[PDB]
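Take a look at this single chain, the form deposited in one PDB entry, given in structure tokens.
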């Protein structure tokens, strides 16, 4: 319904649906309880706005009993410390995390407005995960990571490789800076990315180019609106004369599609830049356009959470308090409409009273299989 889950709804969820055993095993890195759980901080966020840090749990039974008793709207996972938080604390390890959310893509989408989301603009997030995954796998050699829907229109990545868990804050900042190519999110300005591109950017550009026509020019088409083209297409260009000529042209000939404007840029540039210097201008326009492909489609991380081993991040399978969606793990097929809603799970448990019979169970199965694979890598040979 329009209202999010009630307190008694949350009580039912933690009692009968939340997968405490698998989340415990994922964070403990072993089948016997160890200090990777006993010394790990969890924070609880209450419906009142209260926020309690430095909880810690010692077994799946204790994690479940404390969460059920507190009944928080969500809880968050922090670092593994040298002493148990519930009892000066030095952080030793924590999964490396990233957060991507639909906000910074809003200027280029037309399918949805405000807090809306749909499978079309979700492609911005699917691409963000694709490019981030390529860097994590190919450049950092990480093998154990999973993305989790954050409940409305974003996702979180949890990387559990032992190397990633042991990174220091300096190292985490260096990983973040490696992936966070678009540093300045402002669209009223041209990126002027450093040339020649670093091989990661060249690689990312080749991955993203085939999606630009189909997503940006055609599906979203944000530049058919002449004021939007002035606001976010023109600023990406490098030459004041080109920009003015295009402005006059689009004034004289209104509502040309994004595809038509995209080609108009080349046509007008070809007429403006002439003579043996022109090859230089051709290159600069191409580079501006490549940079704009990255401005529209390259992952725009919400950077802060990645940078420090102590930072807390919402646990997978928490309930979003406004949408009532479960924050489920994401596979290739996911879009937000596929996330189960708690009220729907409650209605299901009425006819078939076991979690294993609900729409939550495939996501729990995906997560359990993931946890299995991580534990196997943990042992090594």
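Positions refer to the first chain, counted from 1. Rigid core here is just the name for the largest C-alpha set that superposes within 1.5 Å across the two forms.
What comes next is about the form deposited in another entry, which is not displayed.
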Please name the single residue among 114, 210, 141, 199 whose Cα shifts by at least 2 Å between this form and the one not shown after core superposition. 114
Cα displacement of residue 354 between this form and the one not shown reaching 2 Å, rigid core superposed: yes
Since the CA distance of residue 114 and residue 156 differs by 3 Å or more in the other form, is it closer or farther than in the form displayed? closer
